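Here the structure comes first, spelled out in structure tokens, and everything after it is commentary.
Number of protein chains: 2
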Amino acid sequence: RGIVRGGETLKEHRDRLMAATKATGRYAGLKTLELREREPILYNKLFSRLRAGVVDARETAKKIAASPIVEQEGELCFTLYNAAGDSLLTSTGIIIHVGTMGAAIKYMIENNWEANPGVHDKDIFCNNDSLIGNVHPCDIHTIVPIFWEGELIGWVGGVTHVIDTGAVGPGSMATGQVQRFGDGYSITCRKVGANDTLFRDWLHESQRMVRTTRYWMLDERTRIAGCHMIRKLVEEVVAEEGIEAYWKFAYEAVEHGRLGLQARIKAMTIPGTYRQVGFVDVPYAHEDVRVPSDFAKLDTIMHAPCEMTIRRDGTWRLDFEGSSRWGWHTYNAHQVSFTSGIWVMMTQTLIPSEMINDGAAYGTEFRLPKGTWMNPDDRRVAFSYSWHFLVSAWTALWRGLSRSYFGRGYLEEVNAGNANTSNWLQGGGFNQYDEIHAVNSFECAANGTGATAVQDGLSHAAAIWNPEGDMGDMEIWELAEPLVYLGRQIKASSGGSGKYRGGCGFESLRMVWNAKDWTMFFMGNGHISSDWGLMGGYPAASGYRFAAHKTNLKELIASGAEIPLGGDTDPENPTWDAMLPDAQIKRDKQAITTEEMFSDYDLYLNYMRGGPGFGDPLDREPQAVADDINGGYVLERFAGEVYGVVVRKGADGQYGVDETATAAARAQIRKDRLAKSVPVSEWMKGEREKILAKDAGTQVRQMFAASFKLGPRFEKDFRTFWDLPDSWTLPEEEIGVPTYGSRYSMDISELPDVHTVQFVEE
Amino acid sequence: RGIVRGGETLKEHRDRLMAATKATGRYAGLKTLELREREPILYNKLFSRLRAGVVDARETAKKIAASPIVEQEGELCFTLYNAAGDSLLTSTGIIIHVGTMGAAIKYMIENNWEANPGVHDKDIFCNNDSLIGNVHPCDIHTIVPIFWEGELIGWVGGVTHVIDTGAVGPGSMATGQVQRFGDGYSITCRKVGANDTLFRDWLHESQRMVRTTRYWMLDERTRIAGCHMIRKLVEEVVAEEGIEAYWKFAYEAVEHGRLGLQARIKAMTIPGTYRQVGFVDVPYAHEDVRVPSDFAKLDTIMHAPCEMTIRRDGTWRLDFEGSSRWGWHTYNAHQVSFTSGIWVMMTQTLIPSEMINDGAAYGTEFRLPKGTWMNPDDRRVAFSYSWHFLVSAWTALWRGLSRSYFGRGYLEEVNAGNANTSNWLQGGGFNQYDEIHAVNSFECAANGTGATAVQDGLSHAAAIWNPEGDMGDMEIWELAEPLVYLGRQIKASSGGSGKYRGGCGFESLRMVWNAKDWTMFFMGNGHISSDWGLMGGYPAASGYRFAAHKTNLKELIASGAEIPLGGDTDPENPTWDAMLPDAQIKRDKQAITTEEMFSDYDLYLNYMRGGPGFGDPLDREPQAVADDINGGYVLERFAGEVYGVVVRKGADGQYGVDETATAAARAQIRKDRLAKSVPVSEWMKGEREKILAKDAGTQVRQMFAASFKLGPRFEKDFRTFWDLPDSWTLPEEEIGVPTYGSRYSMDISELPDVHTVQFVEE
Ligand SMILES: [Mg+2]
Ligand SMILES: [Mg+2]
Ligand SMILES: [Mg+2]
Ligand SMILES: [Mg+2]
Ligand SMILES: [Mn+2]
Ligand SMILES: [Mn+2]
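Chains A and D are the protein sequences, given in the same order. Take any residue in the first sequence, note its place counting from 1, add 14, and you have its number in the entry's author numbering. Take any residue in the second sequence, note its place counting from 1, add 14, and you have its number in the entry's author numbering.
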């Protein structure tokens, strides 16, 4: 007898539901929704109680944690699933894991966990394996089955982002390793407890494979608390309303979700084809990236083109033909994490007032060619900072959707896109309590947001992976890091220029304090801004590094000399560097590094990115430019060149607008634009000559060569666009950089007894 | 009710036995051995059946394996334990794990595995955790409890050396990582099966955390087979002879072992104090050691002094006060692996014809100060190539014991010591079967042995960790590595010079063939020979690297040009290098590297070390020098300078002795030695001046500074010996190299619910 209510096995149950979905186009073959249509009062009561239950689990259980990432920032999520692993309802927070935890349940279904090791009432499962769909090892899942009268009726999943998982690099978004081997403690749907009790062998092992043991332990108790709170609530709801009504809701709620997406697409968008692209930099050639494998030492660029099709029937399709290959770094991903993040974006714009569950995934088609960075075909890839690529590809999809909104008149919904979510301040060694430790600041939960068609973006406000941004309290971060704040400031000229300006980021200056045997490193975008502005707007600023060693600050503090405080207001004209005549200063574009020794009184700049702009900056309201200068959002010297606005300082020290001189400056910039530009055909003629001569850096050529091999339709498009002869070719081997993994790869499904679950066309 | 036969818990049972051992000086308080004394025929029958059973398990189960390390070389072991985790009998092979697997059982005892996760009939445990005593992660243990009528009566352990465990570096003895984080998949006494059946979550997880998956899987079936063969045999023996007799044997056999050691010490040795020391090099400053942490980039030297005391009552004591600190590399150890290796040495010299079990450990006292490399006090240390330090410290103990043998007249037992067991040929990528792979050659199972007081050492014959040496067949290694042999040759002038010559090593030249996306690296002693000669003999030769890239060998082979074959006969006067005019050749002292790209037709020299010599070379039989030159054991040019023997080539091409010219050369060398030497006081005066001026390299100064801090008795000895003033000091911080971990450390016993087992004074 199978364990699901009614007697099917888990696999029999899911296979029946997936076949009916495929045959009918409706989730589970549900052509009507009987509970919703015939018993609307009961449908709403179950919705209300269960949604309040999952929200309450997150709000309450987070008070268990010692880590501020969980306890203050709220980087956790609890989700309720039906027997087939499809989500019905969720808390807010890090909701990408609605998809990752469901995909882990489906892996158990498909690989016969029911027969061995068994799925029993009061069991506890733990999982973080990115090969079966997770974002990265630091997002740990606890999964508990739910039983009613001896049969399985659902599951509950809880996730927390933990500080570290014992990777080569000390942090969550770690560098140093270039493969799975060294990428952190990785757990594949392990049974870690039974009879509601954790096994001691699991406890002893797990706790010694991480740096931040005590923080790890309390994050685990946080996840188990919320899972058991939700299990208890489901048992009470079933006792009170009856299993038949709950059993109907558990599948109807998903189809209701799909219906909600379809309706919102037809109400808000326009049918058609939308084309867009994103990129980001991987500067691994630099000497301060000390990786232990020579085949990883090269500069590469991520490529993510998307063809987006909205159909007349309210279905839609996203095709990533042309994308670049996985690589020897920690930025690779998986079909589940990639597509779950697109679902997260949908929750922030298309479906925020519909059912928030897996229904909307069933209403979207995805094509991710096998072997690309978003659907890799090699079981050795590393994932610790998956986000570097993920957040840089998702931002372009906001631009496509915004063209539909703009065309139709829903200007309030337009958003030029998400910021790159970085820098991530990281490091390890001994802390102020004389214990082994690591740090990973979540200040980059609070980056700038994209401008709209109606108003400026928000500064220091959000991240694509959690719109409820929070930078945390300085006094709380000081309890969890051997560092002290010397500044926290809004980041001038970081927001993307436009008629409406993208949100600025912010910055903090840290001094090392009460640390021993300590190291730190940087992780974020450097040479490339991943976001683009929309309809005339510009990208946000890109990244850079500031650090200072052997500062002599102990003596400078004691003698009453000037000391660096605040932010690095104008990095082209800095004030701090001249105050530290004896220091070794690193001030450059190298926004990715591996761990380097730091001591007490050394300095580290944490810089959070801005978001992209909207519209021609020459149309910005002149008073808004003056307000931005007075408020620290824009440096005075760009008012003239970027916006054509002339400002002058009044008697009170405040800048005001010269309206006559501004009109003249803007008339003159219109003429300058015509004088400096050329017809696009003429510029194309010169660029085509460079392509024929192979005149670009190795990082540009490697990106095109790898993209061409994985995406023949893209190669054909490029050749046609640039009118290239068949005698021109770009083999990756002729560039002169290492190309390990370009031809030979071994997928996880090649190992014995492994059955992978397919979610996309590939 | 406790699970041990009679109703004691595991912990109650062991604690009672250890208290009686301490109170009486006899294992388990056994003042007489009733079964042995009153029923000698039955005692011998149990011995015979059970020893044959464990020998048969090793011989038979190894035929399961795909890895030649297990199947041909026999790098596996099976051991039978009593309920308290003390060994009764063992197969031969890698018998250091008699101690490591017993210490893992004792960890389970001491940490209440009985209450959670429980210890049940037909359970399967797996373990490799070096923090609780194991050599390194590549030695995997399977441990099965043995029950009789529902109560526990013993355990069986089986170990195999596996090819890799998914460390940063591709190999068993890996470099690249500098901490536990990246040192390989580490398993802490995990329950991996029940009802004789392995759990699917364990199978899926374990198999994706290693490169050599198929080899891993068959090594696991090998261990479970032998464990279950032995469990069945114990059940049959108990059924036939009765539980009462078996229960007596299970403790008497251990005390019989202790009695055997005591008697052998009093029959073979001399009471007194013996003083000796060993060293080895860690050249991590070199650019070809690409580690990901800057605090690890420095040159250091391992220091292992030993004060050995043999008492009038036949007890003995080994004290390692003065030893150097753990470091940021893969060469650290643990009190269990260090002391178990001394027990292995004992089995090869003192007790080979006594009971081979834990009894001899109870008859030996060890002192390893906490924080030294052999008893570290930090839970972050790495262990993948523990042996580098271990084999370099154990060799000196042969010299001490040999002075007792020599003095008493047991010249047949003298041995100048064990070779350094290296090089380890390692690497990874795609193999000839187009799968992900790693290699780790066990050619260094067959190194030279130390000379005796009666005869030469054996060439290419053994290792300290397994005296049954085997180099493997070339045709078998070619099935498991994408490499082909171009040479296999005895290594001339590697054996340590003496009246009796130490065994030579051997060498093999490899060409890369049918590999893709391939890397390789070197691991062994370079600047320092760890072994010393005895009573006038010399150390074996030290290590070096030869590798060649971009060789052009495809064209050289095809054109009929000379190609490198055989061994690198005289590395001072090489022949291969001139044959490869277009190659990039690396020929130097850097015997430790991290992974480097290699391609088909590139070359790698695998060089196995020799063993130390005995006596003044001027007393060697002249014909034996001529035989050595003719046989390829010694290069011609050293006959005159080292041995004072004059040889000449006859008409037949063979070297022969000039007996008259040899007598004259030896008389003249005696005079040369007197003329070139100085009185030891005079030499001491000049060396003391250098010490006072701090004139030595950073690696020498760091070794003394670290040793002084951990060993105040050693600092006092050094100051007294060299008559140094109190104004002279050597703080580690003044050297100018990184010193992370010199003051701050956190032991595994500081984590919650961890109870460590103590085996030594510290
Ligand atoms: Mg492939
Ligand atoms: Mg498969
Ligand atoms: Mg003289
Ligand atoms: Mg403790
Ligand atoms: Mn996370
Ligand atoms: Mn081993």
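Just so you know, even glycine gets a beta-carbon here, dropped at the ideal spot from N, CA and C.
Q: My understanding is that A/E269 touches A/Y41, with C-beta atoms under 8 angstroms, so please give their C-beta distance in whole angstroms.
A: Position 255 of the first sequence holds residue 269 of chain A. Position 27 of the first sequence holds residue 41 of chain A. Your pair A/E269 and A/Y41 checks out as a contact, with CB atoms roughly 4 angstroms apart and the cut at 8 angstroms.
Q: Would you please verify whether the beta carbon of A/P390 is less than 7 angstroms from any beta carbon of chain D?
A: Taking the first residue of the first sequence as position 1, residue 390 of chain A is located at position 376. No, its Cβ sits nowhere closer than 7 angstroms to a Cβ of chain D.
Q.
My output table needs one value for A/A592: the three-state DSSP class, helix, strand or coil.
A. Here residue 592 of chain A corresponds to residue number 578 of the first sequence, with the count starting at 1. Helix at A/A592.
Q) Using a beta-carbon distance below 7 angstroms, is D/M369 in contact with chain A? A) The sequence position of residue 369 of chain D within the second sequence is 355, counting from 1. No - not a single Cβ of chain A is within 7 angstroms of the one on D/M369.
Q: Would you check if the distance between the CB atom of A/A97 and the CB atom of A/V18 is smaller than 7 angstroms?
A: Locating residue 97 of chain A in the first sequence gives position 83, counting from the first residue. Locating residue 18 of chain A in the first sequence gives position 4, counting from the first residue. Here A/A97 is near A/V18, since their CB atoms are less than 7 angstroms apart.
Q) Can the beta-carbon of A/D584 be found closer than 7 angstroms to that of A/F560? A) Against the first sequence, residue 584 of chain A aligns to sequence position 570. Against the first sequence, residue 560 of chain A aligns to sequence position 546. Against a cut-off of 7 angstroms, the Cβ pair of A/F560 and A/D584 comes out as no contact.
Q.
Any beta carbon from chain A within less than 7 angstroms of D/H218's own beta carbon?
A. If you number the second sequence from 1, residue 218 of chain D lands on position 204. Judged by the 7 angstroms Cβ criterion, D/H218 is in contact with chain A.
(Q) Would A/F397 and A/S144 qualify as a contact pair, given that the criterion is a beta-carbon distance under 7 angstroms? (A) Position 383 of the first sequence, counted from the start, is the residue given in the question as residue 397 of chain A. Position 130 of the first sequence, counted from the start, is the residue given in the question as residue 144 of chain A. Yes, the Cβ-Cβ distance between A/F397 and A/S144 is below 7 angstroms.
Q. Sorted by chain position, which residues of the same chain lie with C-beta nearer than 6 angstroms to A/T463's C-beta, five sequence neighbours on each side aside?
A. On the first sequence, residue 463 of chain A is found 449 positions in, with the first residue counted as 1. Taken in chain order, the residues that qualify are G471, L472, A475, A476, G517, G625.
Q. Does the beta carbon of D/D215 come closer than 7 angstroms to any beta carbon on chain A?
A. Position 201 of the second sequence, counting from 1, holds the residue named residue 215 of chain D. Yes, D/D215 lies at the interface with chain A (some Cβ there is under 7 angstroms from its Cβ).
Q: Anything in the region 371 to 405 of chain D with a Cβ closer than 9 angstroms to a Cβ of chain A? List those residues in chain order, please.
A: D392, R393, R394
**Q.** Neighbouring residues, chain D, relative to A/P306 (Cβ below 8 angstroms)
**A.** Your numbering for residue 306 of chain A matches position 292 in the first sequence. Per Cβ cutoff of 8 angstroms: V182, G183, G190, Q191, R304, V305, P306, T608, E609.
Q. With distances taken between CB atoms, is the gap from A/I365 to A/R278 smaller than 7 angstroms?
A. The residue given as residue 365 of chain A occupies position 351 in the first sequence. The residue given as residue 278 of chain A occupies position 264 in the first sequence. Yes; because the gap between Cβ atoms is below 7 angstroms, this pair is in contact.
Q. Of the choices D/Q716, D/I705, D/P766, D/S200, whose alpha-carbon is the least far from that of D/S741?
A. In the second sequence, the residue the question calls residue 741 of chain D occupies position 727. It is D/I705.
(Q) Let me make sure I understand the geometry here. Which of D/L649, D/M549, D/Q637 has the alpha-carbon closest to that of D/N587? (A) In the second sequence, residue 587 of chain D corresponds to position 573, counting from 1. The residue with the shortest Cα to Cα distance from D/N587 is D/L649.
Q | Beta-carbon proximity of A/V252 to A/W162, cut-off 7 angstroms | A | For the purposes of this step, residue 252 of chain A is taken as residue 238 along the first sequence, with counting starting at 1. For the purposes of this step, residue 162 of chain A is taken as residue 148 along the first sequence, with counting starting at 1. Against a cut-off of 7 angstroms, the Cβ pair of A/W162 and A/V252 comes out as a contact.
Q) Going by the CB atoms, is the gap between A/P319 and A/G336 shorter than 7 angstroms? A) Locating residue 336 of chain A in the first sequence gives position 322, where the first residue counts as 1. Locating residue 319 of chain A in the first sequence gives position 305, where the first residue counts as 1. Result yes, Cβ atoms of A/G336 and A/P319 sit closer than 7 angstroms.
Q | Under 7 angstroms between C-beta atoms of D/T174 and D/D210 | A | As a position in the second sequence, residue 174 of chain D is number 160, starting the count at 1. As a position in the second sequence, residue 210 of chain D is number 196, starting the count at 1. No, the Cβ-Cβ distance between D/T174 and D/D210 is not below 7 angstroms.
Q | Through-space distance from A/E569 to D/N346, alpha-carbon basis | A | The residue labelled residue 346 of chain D in the question sits at position 332 within the second sequence. The residue labelled residue 569 of chain A in the question sits at position 555 within the first sequence. Going from the Cα of D/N346 to the Cα of A/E569 covers about 40 angstroms.
Q | Identity of the residue in A/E249, A/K77, A/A181 nearest A/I160 by Cα | A | Position 146 of the first sequence holds residue 160 of chain A. The shortest Cα separation from A/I160 among A/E249, A/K77, A/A181 belongs to A/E249.
Q: Would you mind telling me which residues of chain D sit closer than 7 angstroms to A/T227, beta carbon to beta carbon, in chain order?
A: Taking the first sequence and counting its residues from 1, one reaches residue 227 of chain A at position 213. Here the neighbours are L765.
Q. For A/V774, which three-state DSSP category applies?
A. On the first sequence, position 760 is the one that residue 774 of chain A refers to. Coil at A/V774, not helix or strand.
Q: Compute the minimum distance between the beta carbon of D/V771 and the heavy atoms of ligand 4, and state whether it is under 6 angstroms.
A: Numbered from its first residue, the second sequence carries residue 771 of chain D at position 757. Every heavy atom of ligand 4 is 6 angstroms or more from the Cβ of D/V771, so no.
**Q.** Residues within the region 129 to 147 of chain A neighbouring chain D, beta-carbon criterion of under 7 angstroms
**A.** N130, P131, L145
Q.
Which residues neighbour ligand 2 when neighbourhood means a C-beta less than 5 angstroms away from any of its non-hydrogen atoms? List them by chain order.
A. A/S763, A/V768
(Q) Taking its Cβ as the centre, do 16 or more other Cβ atoms sit within 10 Å of D/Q713, making it buried, or is it exposed? (A) Mapped onto the second sequence, residue 713 of chain D falls at position 699. Classification of D/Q713: buried, given that the 10 Å Cβ count is 16 or more.
**Q.** Proximity test, Cβ basis, 7 angstroms: D/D531 and chain A
**A.** Start at 1 with the first residue of the second sequence, and residue 531 of chain D comes out as number 517. Yes, D/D531 lies at the interface with chain A (some Cβ there is under 7 angstroms from its Cβ).
Q: For D/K205, return the contacting residues in chain A, with the cut-off set at a CB-CB distance below 8 angstroms.
A: Indexing the second sequence from 1 puts residue 205 of chain D at position 191. When 8 angstroms is used as the limit between beta carbons, D/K205 is near these residues of chain A: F213, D215, in chain order.
Q: Could I get the ranges of all uninterrupted alpha helix (DSSP H) runs contained in the region 598 to 667 of chain D, with 4 residues as the minimum, in chain order?
A: Residue ranges of uninterrupted alpha helix (DSSP H) with 4 or more members, entirely inside the region 598 to 667 of chain D and ordered along the chain, are 636 to 645, 651 to 657.
Q. Mind checking if D/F195 is an interface residue toward chain A, Cβ cutoff 7 angstroms exclusive?
A. Here residue 195 of chain D refers to the residue found at position 181 of the second sequence. Yes, D/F195 lies at the interface with chain A (some Cβ there is under 7 angstroms from its Cβ).
Q. Given A/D633, which residues of its chain have a CB within under 6 angstroms of its CB, disregarding the five upstream and five downstream residues?
A. Your numbering for residue 633 of chain A matches position 619 in the first sequence. The residues are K513.
Q) Quick one, which of A/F334, A/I244, A/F420 has its alpha-carbon nearest A/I284's? A) To locate residue 284 of chain A, count along the first sequence from 1; it is residue 270. Closest option to A/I284, Cα to Cα, is A/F420.
(Q) Please confirm whether A/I108 has its beta-carbon closer than 7 angstroms to some beta-carbon of chain D. (A) Position 94 of the first sequence, counted from the start, is the residue given in the question as residue 108 of chain A. Judged by the 7 angstroms Cβ criterion, A/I108 is not in contact with chain D.
Q) Beta carbon of A/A410, beta carbon of A/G292: below 7 angstroms? A) Translated into positions along the first sequence, residue 410 of chain A becomes position 396. Translated into positions along the first sequence, residue 292 of chain A becomes position 278. Result yes, Cβ atoms of A/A410 and A/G292 sit closer than 7 angstroms.
Q: Measuring only between beta-carbons, confirm whether D/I450 sits less than 7 angstroms from chain A.
A: Counted from its first residue, the second sequence places residue 450 of chain D at position 436. Interface with chain A (7 angstroms Cβ-Cβ cutoff): D/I450 is included.
Q: Ignore the nearest five residues each way along the sequence and tell me which others in A/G414's own chain have a CB closer than 7 angstroms to its CB.
A: As a position in the first sequence, residue 414 of chain A is number 400, starting the count at 1. Around A/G414: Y288, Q290, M322.
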